[PDB]
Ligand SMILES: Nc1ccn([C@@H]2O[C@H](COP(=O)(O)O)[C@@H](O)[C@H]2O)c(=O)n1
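One chain comes next, on its own, written as C-alpha coordinates: the form solved without the named molecule.
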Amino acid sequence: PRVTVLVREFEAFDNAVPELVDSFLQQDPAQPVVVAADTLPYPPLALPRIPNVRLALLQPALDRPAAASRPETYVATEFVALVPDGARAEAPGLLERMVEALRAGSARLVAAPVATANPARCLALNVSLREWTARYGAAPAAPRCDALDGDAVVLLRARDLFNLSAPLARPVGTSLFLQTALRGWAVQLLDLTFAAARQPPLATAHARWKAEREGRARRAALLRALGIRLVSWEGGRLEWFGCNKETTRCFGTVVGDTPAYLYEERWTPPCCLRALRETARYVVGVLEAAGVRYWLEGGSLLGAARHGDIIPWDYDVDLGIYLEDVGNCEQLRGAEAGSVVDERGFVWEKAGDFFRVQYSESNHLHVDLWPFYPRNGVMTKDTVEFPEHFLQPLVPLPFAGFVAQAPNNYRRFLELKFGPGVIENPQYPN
(Lines give C-alpha, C1' and ligand atoms only; values in the text may rest on other atoms or scores of the structure.)
Protein backbone atom coordinates (compact mmCIF):
# COMPACT_ATOMS: atom_id res chain seq x y z
CA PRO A 1 0.00 0.00 0.00
CA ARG A 2 2.47 2.62 -1.24
CA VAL A 3 1.15 6.16 -1.70
CA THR A 4 3.04 9.17 -3.04
CA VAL A 5 2.22 12.53 -1.45
CA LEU A 6 1.92 15.23 -4.12
CA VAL A 7 1.90 18.92 -3.15
CA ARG A 8 0.71 21.41 -5.77
CA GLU A 9 -1.34 24.15 -4.06
CA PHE A 10 0.91 26.55 -2.15
CA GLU A 11 2.27 30.09 -2.45
CA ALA A 12 6.01 30.63 -2.79
CA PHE A 13 5.86 33.87 -0.80
CA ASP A 14 4.15 32.21 2.19
CA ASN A 15 3.64 28.47 2.67
CA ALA A 16 3.92 25.63 5.18
CA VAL A 17 5.35 23.07 2.73
CA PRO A 18 8.48 22.31 4.83
CA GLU A 19 6.29 21.39 7.80
CA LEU A 20 3.90 19.37 5.62
CA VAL A 21 6.78 17.33 4.20
CA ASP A 22 8.56 16.91 7.55
CA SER A 23 5.34 15.61 9.13
CA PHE A 24 4.94 12.81 6.59
CA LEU A 25 8.62 11.89 6.94
CA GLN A 26 8.21 11.59 10.72
CA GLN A 27 5.69 8.79 10.06
CA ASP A 28 7.87 7.12 7.39
CA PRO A 29 11.40 8.38 6.61
CA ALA A 30 11.27 6.84 3.10
CA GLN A 31 7.81 8.27 2.30
CA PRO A 32 7.76 9.26 -1.41
CA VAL A 33 6.97 12.98 -1.74
CA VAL A 34 6.68 15.08 -4.91
CA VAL A 35 6.37 18.87 -4.66
CA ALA A 36 5.16 20.22 -8.01
CA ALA A 37 5.69 23.80 -9.16
CA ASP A 38 5.75 25.81 -12.36
CA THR A 39 9.03 27.57 -11.53
CA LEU A 40 11.57 27.03 -8.76
CA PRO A 41 9.97 28.48 -5.59
CA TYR A 42 11.77 31.42 -3.97
CA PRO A 43 12.47 31.89 -1.07
CA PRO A 44 13.90 28.36 -1.11
CA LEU A 45 11.68 25.58 0.16
CA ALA A 46 14.84 23.86 1.48
CA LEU A 47 13.26 20.42 1.32
CA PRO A 48 15.30 17.48 2.63
CA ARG A 49 17.66 16.47 -0.17
CA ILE A 50 16.92 12.77 0.13
CA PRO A 51 16.06 10.52 -2.85
CA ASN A 52 12.42 9.98 -1.84
CA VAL A 53 11.64 13.74 -1.76
CA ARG A 54 11.64 15.47 -5.15
CA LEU A 55 10.78 18.83 -6.68
CA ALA A 56 8.97 18.51 -10.02
CA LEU A 57 9.20 21.64 -12.19
CA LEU A 58 6.40 21.67 -14.75
CA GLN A 59 7.41 24.37 -17.16
CA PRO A 60 9.57 23.93 -20.28
CA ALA A 61 13.30 24.59 -20.05
CA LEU A 62 16.02 24.79 -22.69
CA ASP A 63 18.21 22.31 -20.77
CA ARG A 64 15.70 19.59 -19.83
CA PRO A 65 14.03 16.75 -21.72
CA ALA A 66 10.30 16.42 -22.33
CA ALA A 67 10.02 13.91 -19.48
CA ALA A 68 11.28 16.40 -16.87
CA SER A 69 7.96 18.31 -16.87
CA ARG A 70 5.68 15.24 -17.09
CA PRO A 71 4.59 14.51 -13.50
CA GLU A 72 3.64 10.83 -14.02
CA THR A 73 7.39 10.30 -14.38
CA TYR A 74 8.00 11.35 -10.74
CA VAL A 75 5.34 8.98 -9.36
CA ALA A 76 6.07 5.25 -9.22
CA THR A 77 3.39 4.09 -6.76
CA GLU A 78 -0.12 2.86 -7.53
CA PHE A 79 -1.87 5.62 -5.56
CA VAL A 80 -1.25 9.34 -5.20
CA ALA A 81 -2.51 11.70 -2.50
CA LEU A 82 -2.95 15.38 -3.33
CA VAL A 83 -2.21 17.32 -0.14
CA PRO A 84 -2.88 21.07 0.17
CA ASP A 85 -0.61 23.49 1.97
CA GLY A 86 -1.81 23.91 5.54
CA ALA A 87 -2.16 20.18 6.21
CA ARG A 88 0.09 17.93 8.28
CA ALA A 89 0.24 14.22 9.08
CA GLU A 90 -0.23 13.50 12.79
CA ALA A 91 -1.64 10.00 13.31
CA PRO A 92 0.01 7.21 11.29
CA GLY A 93 -1.51 5.08 8.57
CA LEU A 94 -4.07 7.64 7.42
CA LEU A 95 -3.06 7.19 3.79
CA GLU A 96 -3.45 3.45 4.38
CA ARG A 97 -7.02 3.93 5.61
CA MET A 98 -7.85 6.11 2.60
CA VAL A 99 -6.53 3.38 0.29
CA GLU A 100 -8.70 0.76 2.00
CA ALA A 101 -11.75 3.02 1.65
CA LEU A 102 -10.99 3.55 -2.05
CA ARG A 103 -10.64 -0.18 -2.69
CA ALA A 104 -13.76 -0.98 -0.65
CA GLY A 105 -15.99 1.70 -2.17
CA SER A 106 -17.22 2.47 -5.67
CA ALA A 107 -15.93 6.06 -6.07
CA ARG A 108 -12.75 6.58 -8.06
CA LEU A 109 -11.65 9.35 -5.68
CA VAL A 110 -11.76 9.46 -1.90
CA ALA A 111 -11.07 12.52 0.19
CA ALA A 112 -10.44 13.50 3.80
CA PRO A 113 -11.01 17.09 4.97
CA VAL A 114 -8.13 19.05 6.48
CA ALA A 115 -9.03 20.73 9.78
CA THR A 116 -8.34 24.23 8.48
CA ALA A 117 -10.73 27.17 8.67
CA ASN A 118 -12.21 25.92 5.35
CA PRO A 119 -12.52 22.12 5.49
CA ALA A 120 -13.80 20.48 2.32
CA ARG A 121 -17.55 20.31 1.68
CA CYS A 122 -19.41 18.12 -0.79
CA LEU A 123 -20.77 19.74 -3.95
CA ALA A 124 -22.84 18.75 -6.94
CA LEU A 125 -21.43 19.74 -10.33
CA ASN A 126 -22.53 19.61 -13.95
CA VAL A 127 -20.31 20.68 -16.78
CA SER A 128 -21.73 21.62 -20.18
CA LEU A 129 -18.90 22.28 -22.63
CA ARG A 130 -21.47 23.00 -25.35
CA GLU A 131 -22.74 25.95 -23.28
CA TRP A 132 -19.31 26.84 -21.79
CA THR A 133 -20.89 26.48 -18.35
CA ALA A 134 -20.25 24.70 -15.05
CA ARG A 135 -23.12 24.49 -12.55
CA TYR A 136 -22.53 23.85 -8.84
CA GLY A 137 -25.01 23.11 -6.10
CA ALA A 138 -25.63 21.18 -2.91
CA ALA A 139 -24.79 17.48 -3.21
CA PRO A 140 -27.94 15.34 -2.82
CA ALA A 141 -26.17 12.01 -2.25
CA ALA A 142 -23.46 13.27 0.12
CA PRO A 143 -21.00 12.04 1.30
CA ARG A 144 -20.78 10.91 -2.34
CA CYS A 145 -20.32 14.04 -4.47
CA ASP A 146 -19.04 15.43 -7.77
CA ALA A 147 -16.70 18.09 -6.39
CA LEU A 148 -15.33 19.62 -3.21
CA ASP A 149 -15.12 23.17 -1.90
CA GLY A 150 -12.33 23.66 0.61
CA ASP A 151 -9.30 21.83 1.94
CA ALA A 152 -8.94 18.08 1.58
CA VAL A 153 -6.45 15.34 0.87
CA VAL A 154 -7.63 13.59 -2.30
CA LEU A 155 -6.38 10.08 -3.09
CA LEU A 156 -6.86 8.29 -6.40
CA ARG A 157 -4.99 5.83 -8.59
CA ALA A 158 -2.04 7.37 -10.42
CA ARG A 159 -3.22 5.92 -13.73
CA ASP A 160 -6.50 7.80 -13.25
CA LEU A 161 -4.96 11.13 -12.26
CA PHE A 162 -2.25 11.29 -14.91
CA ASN A 163 -4.37 10.25 -17.88
CA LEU A 164 -6.36 13.45 -17.38
CA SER A 165 -5.60 16.21 -19.85
CA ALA A 166 -4.51 18.70 -17.15
CA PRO A 167 -4.03 16.80 -13.89
CA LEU A 168 -2.15 19.52 -11.95
CA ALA A 169 -3.61 22.71 -13.45
CA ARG A 170 -4.18 25.30 -10.75
CA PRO A 171 -6.37 25.77 -8.83
CA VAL A 172 -6.46 21.98 -8.34
CA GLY A 173 -9.73 22.18 -6.38
CA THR A 174 -11.43 23.65 -9.45
CA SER A 175 -9.51 21.98 -12.27
CA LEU A 176 -9.55 18.41 -10.95
CA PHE A 177 -13.27 18.01 -10.31
CA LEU A 178 -14.22 19.71 -13.57
CA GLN A 179 -12.28 16.94 -15.31
CA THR A 180 -13.48 14.06 -13.11
CA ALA A 181 -17.14 15.12 -12.99
CA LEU A 182 -17.14 15.39 -16.79
CA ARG A 183 -15.99 11.75 -16.89
CA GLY A 184 -18.76 10.71 -14.50
CA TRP A 185 -16.41 9.96 -11.62
CA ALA A 186 -17.49 10.44 -8.01
CA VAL A 187 -15.51 11.50 -4.96
CA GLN A 188 -16.36 9.98 -1.57
CA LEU A 189 -15.74 12.44 1.27
CA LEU A 190 -14.60 10.09 4.03
CA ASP A 191 -14.95 10.61 7.77
CA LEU A 192 -11.18 10.95 8.24
CA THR A 193 -9.63 14.29 9.15
CA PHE A 194 -6.11 15.61 8.61
CA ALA A 195 -4.74 18.08 11.14
CA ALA A 196 -3.71 21.62 10.29
CA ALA A 197 -0.13 22.84 10.20
CA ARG A 198 0.99 23.84 13.69
CA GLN A 199 2.39 27.03 12.10
CA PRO A 200 -0.11 27.79 9.31
CA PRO A 201 0.64 29.84 6.20
CA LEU A 202 -0.92 33.23 5.47
CA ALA A 203 -1.16 34.24 9.12
CA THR A 204 -1.51 37.98 8.47
CA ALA A 205 -4.42 39.65 6.72
CA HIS A 206 -2.09 41.16 4.11
CA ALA A 207 -0.74 37.72 3.21
CA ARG A 208 -4.23 36.23 2.84
CA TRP A 209 -5.34 39.12 0.63
CA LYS A 210 -2.27 38.69 -1.58
CA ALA A 211 -2.92 34.95 -1.85
CA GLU A 212 -6.64 35.36 -2.57
CA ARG A 213 -5.81 37.80 -5.38
CA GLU A 214 -3.26 35.45 -6.98
CA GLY A 215 -5.73 32.59 -6.62
CA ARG A 216 -8.57 34.48 -8.29
CA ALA A 217 -6.19 35.27 -11.16
CA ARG A 218 -5.22 31.61 -11.58
CA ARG A 219 -8.85 30.45 -11.47
CA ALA A 220 -9.82 32.99 -14.14
CA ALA A 221 -6.92 31.95 -16.39
CA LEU A 222 -7.77 28.28 -15.88
CA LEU A 223 -11.45 28.68 -16.81
CA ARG A 224 -10.60 30.79 -19.85
CA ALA A 225 -8.09 28.18 -21.03
CA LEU A 226 -10.58 25.30 -20.63
CA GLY A 227 -13.64 26.99 -22.16
CA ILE A 228 -15.70 27.71 -19.04
CA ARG A 229 -17.15 31.20 -19.50
CA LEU A 230 -19.78 30.94 -16.77
CA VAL A 231 -19.81 29.39 -13.31
CA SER A 232 -23.33 29.35 -11.87
CA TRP A 233 -24.51 28.26 -8.43
CA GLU A 234 -27.74 26.92 -7.03
CA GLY A 235 -29.31 30.02 -5.53
CA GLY A 236 -28.49 32.30 -8.46
CA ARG A 237 -24.91 33.53 -8.05
CA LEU A 238 -23.10 33.94 -11.37
CA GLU A 239 -19.35 34.12 -12.05
CA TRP A 240 -18.39 35.46 -15.49
CA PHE A 241 -15.15 34.70 -17.33
CA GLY A 242 -15.86 35.90 -20.88
CA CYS A 243 -16.27 39.08 -22.91
CA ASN A 244 -17.76 42.36 -21.68
CA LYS A 245 -18.33 45.98 -22.67
CA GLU A 246 -14.60 46.81 -22.80
CA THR A 247 -13.36 43.66 -24.58
CA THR A 248 -13.97 42.13 -27.97
CA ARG A 249 -16.65 39.50 -28.33
CA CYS A 250 -15.46 35.94 -27.89
CA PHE A 251 -15.55 34.80 -31.53
CA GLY A 252 -14.54 37.68 -33.77
CA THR A 253 -15.46 37.97 -37.41
CA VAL A 254 -17.71 35.32 -38.90
CA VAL A 255 -17.19 33.82 -42.36
CA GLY A 256 -19.94 32.11 -44.33
CA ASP A 257 -22.56 32.64 -41.60
CA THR A 258 -20.87 30.10 -39.33
CA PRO A 259 -19.13 31.43 -36.22
CA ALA A 260 -16.04 29.69 -34.91
CA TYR A 261 -17.79 28.13 -31.91
CA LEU A 262 -19.90 25.88 -34.15
CA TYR A 263 -16.78 24.23 -35.61
CA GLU A 264 -15.66 23.62 -32.03
CA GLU A 265 -18.95 21.72 -31.51
CA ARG A 266 -20.10 24.35 -29.02
CA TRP A 267 -23.00 26.78 -28.96
CA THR A 268 -22.81 30.53 -28.39
CA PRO A 269 -20.69 31.54 -25.36
CA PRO A 270 -23.03 32.66 -22.57
CA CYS A 271 -21.27 36.02 -22.10
CA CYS A 272 -21.99 36.78 -25.75
CA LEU A 273 -25.66 35.85 -25.29
CA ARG A 274 -25.76 38.06 -22.19
CA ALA A 275 -24.35 41.00 -24.16
CA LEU A 276 -26.94 40.43 -26.90
CA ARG A 277 -29.79 40.38 -24.38
CA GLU A 278 -28.68 43.69 -22.87
CA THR A 279 -28.28 45.28 -26.30
CA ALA A 280 -31.73 44.02 -27.31
CA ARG A 281 -33.12 45.44 -24.06
CA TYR A 282 -31.31 48.75 -24.59
CA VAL A 283 -32.26 49.27 -28.24
CA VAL A 284 -35.88 48.34 -27.58
CA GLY A 285 -36.10 50.89 -24.78
CA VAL A 286 -34.57 53.55 -27.00
CA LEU A 287 -36.98 52.72 -29.83
CA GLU A 288 -39.97 52.80 -27.47
CA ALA A 289 -38.83 56.07 -25.89
CA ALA A 290 -38.69 57.67 -29.34
CA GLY A 291 -42.04 56.18 -30.35
CA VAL A 292 -40.66 53.88 -33.06
CA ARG A 293 -42.80 50.91 -34.06
CA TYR A 294 -40.73 47.72 -33.84
CA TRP A 295 -41.39 43.99 -33.87
CA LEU A 296 -39.28 40.88 -33.40
CA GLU A 297 -37.97 39.48 -36.67
CA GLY A 298 -36.26 36.40 -38.04
CA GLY A 299 -34.43 34.18 -35.59
CA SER A 300 -35.15 36.43 -32.61
CA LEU A 301 -38.90 36.01 -33.14
CA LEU A 302 -38.38 32.27 -33.62
CA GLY A 303 -36.54 32.00 -30.31
CA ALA A 304 -39.13 34.18 -28.57
CA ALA A 305 -41.92 31.85 -29.71
CA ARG A 306 -39.92 28.71 -28.88
CA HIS A 307 -38.48 29.48 -25.44
CA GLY A 308 -38.67 33.26 -24.91
CA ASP A 309 -34.97 33.72 -25.59
CA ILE A 310 -32.20 33.92 -28.16
CA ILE A 311 -31.70 30.62 -29.97
CA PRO A 312 -28.65 29.38 -28.04
CA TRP A 313 -26.39 28.97 -31.11
CA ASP A 314 -27.45 32.30 -32.67
CA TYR A 315 -25.17 35.33 -32.52
CA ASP A 316 -27.25 38.45 -33.21
CA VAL A 317 -30.75 39.94 -32.87
CA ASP A 318 -33.11 41.04 -35.66
CA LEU A 319 -35.93 43.58 -35.31
CA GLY A 320 -38.17 45.12 -37.93
CA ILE A 321 -39.11 48.80 -37.83
CA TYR A 322 -41.49 51.10 -39.67
CA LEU A 323 -39.36 53.13 -42.08
CA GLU A 324 -41.52 56.22 -41.60
CA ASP A 325 -40.66 56.25 -37.86
CA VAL A 326 -36.87 56.36 -38.34
CA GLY A 327 -36.76 60.15 -37.97
CA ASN A 328 -38.31 59.85 -34.50
CA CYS A 329 -35.11 58.65 -32.79
CA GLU A 330 -31.93 60.70 -32.51
CA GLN A 331 -29.42 57.85 -32.88
CA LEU A 332 -30.86 56.67 -36.21
CA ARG A 333 -30.82 60.15 -37.76
CA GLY A 334 -27.24 60.43 -36.55
CA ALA A 335 -26.44 56.98 -37.96
CA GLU A 336 -27.31 58.25 -41.45
CA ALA A 337 -24.46 60.78 -41.36
CA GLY A 338 -21.96 58.39 -39.77
CA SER A 339 -21.21 56.12 -36.86
CA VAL A 340 -22.82 57.25 -33.61
CA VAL A 341 -21.48 56.31 -30.18
CA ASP A 342 -24.12 57.44 -27.70
CA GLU A 343 -23.96 58.20 -23.98
CA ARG A 344 -24.23 54.53 -22.99
CA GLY A 345 -21.42 53.36 -25.29
CA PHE A 346 -23.60 51.78 -27.98
CA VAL A 347 -22.58 52.18 -31.64
CA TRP A 348 -25.28 52.81 -34.27
CA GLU A 349 -24.42 52.58 -37.97
CA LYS A 350 -26.30 52.45 -41.27
CA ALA A 351 -23.73 51.00 -43.70
CA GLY A 352 -27.19 49.88 -47.00
CA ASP A 353 -30.73 48.76 -46.26
CA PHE A 354 -30.69 48.31 -42.47
CA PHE A 355 -29.29 49.77 -39.25
CA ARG A 356 -26.96 47.96 -36.84
CA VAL A 357 -26.37 48.66 -33.14
CA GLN A 358 -23.25 47.21 -31.53
CA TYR A 359 -22.84 46.54 -27.81
CA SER A 360 -19.77 48.81 -27.67
CA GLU A 361 -16.84 50.15 -29.65
CA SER A 362 -14.77 47.03 -28.87
CA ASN A 363 -17.54 44.39 -28.52
CA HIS A 364 -19.29 43.91 -31.86
CA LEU A 365 -22.30 41.86 -30.77
CA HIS A 366 -25.16 43.57 -32.51
CA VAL A 367 -28.85 44.12 -33.14
CA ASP A 368 -29.98 44.67 -36.73
CA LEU A 369 -32.96 46.94 -37.42
CA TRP A 370 -34.74 46.29 -40.72
CA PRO A 371 -37.04 49.10 -41.95
CA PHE A 372 -40.20 48.18 -43.83
CA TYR A 373 -42.88 50.37 -45.39
CA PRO A 374 -46.49 49.58 -46.35
CA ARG A 375 -46.77 49.95 -50.11
CA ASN A 376 -50.34 48.66 -50.55
CA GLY A 377 -51.16 46.41 -47.61
CA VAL A 378 -47.87 44.47 -47.75
CA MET A 379 -44.70 45.41 -45.88
CA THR A 380 -41.72 45.69 -48.20
CA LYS A 381 -38.04 46.65 -48.35
CA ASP A 382 -35.94 47.57 -51.39
CA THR A 383 -32.79 45.38 -51.28
CA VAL A 384 -38.96 38.60 -48.27
CA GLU A 385 -42.21 40.58 -48.03
CA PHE A 386 -45.28 39.92 -45.87
CA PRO A 387 -48.86 41.20 -45.35
CA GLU A 388 -49.23 44.19 -43.03
CA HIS A 389 -52.23 42.82 -41.10
CA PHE A 390 -49.62 40.76 -39.23
CA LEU A 391 -48.61 44.04 -37.54
CA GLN A 392 -52.16 45.25 -36.74
CA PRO A 393 -51.99 44.76 -33.89
CA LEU A 394 -48.76 43.62 -32.24
CA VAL A 395 -48.75 41.27 -29.26
CA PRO A 396 -46.60 41.04 -26.11
CA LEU A 397 -44.08 38.22 -26.20
CA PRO A 398 -41.40 37.50 -23.57
CA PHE A 399 -37.87 37.64 -25.00
CA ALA A 400 -34.38 37.88 -23.50
CA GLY A 401 -35.60 38.93 -20.04
CA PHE A 402 -38.21 41.52 -21.08
CA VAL A 403 -41.56 41.82 -22.86
CA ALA A 404 -41.01 42.37 -26.58
CA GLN A 405 -43.48 43.21 -29.35
CA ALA A 406 -44.25 40.52 -31.91
CA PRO A 407 -46.52 40.22 -34.96
CA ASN A 408 -49.96 38.96 -34.11
CA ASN A 409 -50.53 35.29 -34.97
CA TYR A 410 -46.74 34.96 -34.96
CA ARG A 411 -46.70 31.15 -35.17
CA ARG A 412 -48.51 31.53 -38.47
CA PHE A 413 -46.03 34.31 -39.33
CA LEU A 414 -43.05 32.09 -38.46
CA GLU A 415 -44.28 29.15 -40.54
CA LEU A 416 -44.75 31.61 -43.40
CA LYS A 417 -41.14 32.71 -43.10
CA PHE A 418 -39.39 29.40 -42.38
CA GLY A 419 -41.81 26.57 -43.20
CA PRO A 420 -44.16 24.26 -41.30
CA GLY A 421 -43.16 23.04 -37.84
CA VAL A 422 -40.14 25.32 -37.41
CA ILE A 423 -40.92 26.10 -33.76
CA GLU A 424 -41.05 22.42 -32.79
CA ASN A 425 -38.07 21.24 -34.91
CA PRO A 426 -34.98 23.32 -34.10
CA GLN A 427 -32.14 23.05 -36.60
CA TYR A 428 -29.48 21.91 -34.18
CA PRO A 429 -25.88 22.45 -35.32
CA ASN A 430 -23.93 19.27 -35.99
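Heads up: residue numbers just count along the shown sequence, starting at 1. Whichever C-alpha set is largest while still superposing within 1.5 Å between the two forms counts as the rigid core.
- Rigid core superposition in 7 other deposited structures of this protein puts the Cα atoms of one stretch, out of 371-379 and 49-57, farther from the shown form on average, and that stretch is 371-379.
- In 7 other deposited structures of this protein, superposed by the rigid core, the C-alpha atoms of 231-239 lie farther from the shown form than the other of 231-239 and 248-256.
- The gap between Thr383 and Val384 holds 4 to 9 unmodelled residues of the deposited sequence.
- The entry shows a gap from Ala351 to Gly352, with 1 to 3 unmodelled residues of the deposited sequence in between.
- In this entry, 95-103 has the higher mean Cα B-factor, the comparison being between 95-103 and 222-230.
- With 281-289 and 267-275 compared on mean CA B-factor from the PDB entry, the stretch scoring higher is 281-289.
- Out of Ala158, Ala81, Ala169, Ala205, it is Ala205 whose C-alpha atom has the highest B-factor in the PDB entry.
- Across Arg135, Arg344, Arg183, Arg88, the entry's maximum B-factor at the CA atom is seen for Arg344.
- In this PDB entry, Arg216 carries a Cα temperature factor that places it within the middle third of its chain's modelled residues.
- Ranked within its chain, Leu414 lands in the middle third, by CA B factor from the PDB record.
- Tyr261: CA B factor lies in the middle third for its chain, per the PDB record.
- The deposited CA B-factor of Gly150 belongs to the middle third of values across its chain.
- The entry lists a Cα temperature factor for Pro396 that places it in the middle third of the chain's modelled residues.
This next part talks about the form deposited with the named molecule bound, which is not shown.
- A heavy atom within 4.5 Å of the named molecule in the entry with it bound is found for exactly one of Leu302, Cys329, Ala280, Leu82: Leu302.
- Only one of the listed residues (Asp325, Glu131, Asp314, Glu349) places a non-hydrogen atom within 4.5 angstroms of the named molecule in the entry with it bound, and that residue is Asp314.
- Stretch 291-299 is the answer when you ask which of 218-226, 354-362, 291-299, 200-208 has residues with heavy atoms within 4.5 Å of the named molecule in the entry with it bound.
- Put simply, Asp318 is close to the named molecule in the entry with it bound: some heavy atom of it is within 4.5 Å.
- Heavy atoms of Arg213 never reach within 4.5 Å of the named molecule in the entry with it bound, leaving it off the interface.
- With a 4.5 Å cutoff on heavy atoms, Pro1 does not count as touching the named molecule in the entry with it bound; it lies far away.
- Proximity of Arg306 to the named molecule in the entry with it bound falls within the 4.5 Å heavy atom cutoff.
- Interface residues of 404-430, taken as those with a heavy atom within 4.5 Å of the named molecule in the entry with it bound (partner not displayed): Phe418, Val422, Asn425, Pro426, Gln427, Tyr428, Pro429, in sequence order.
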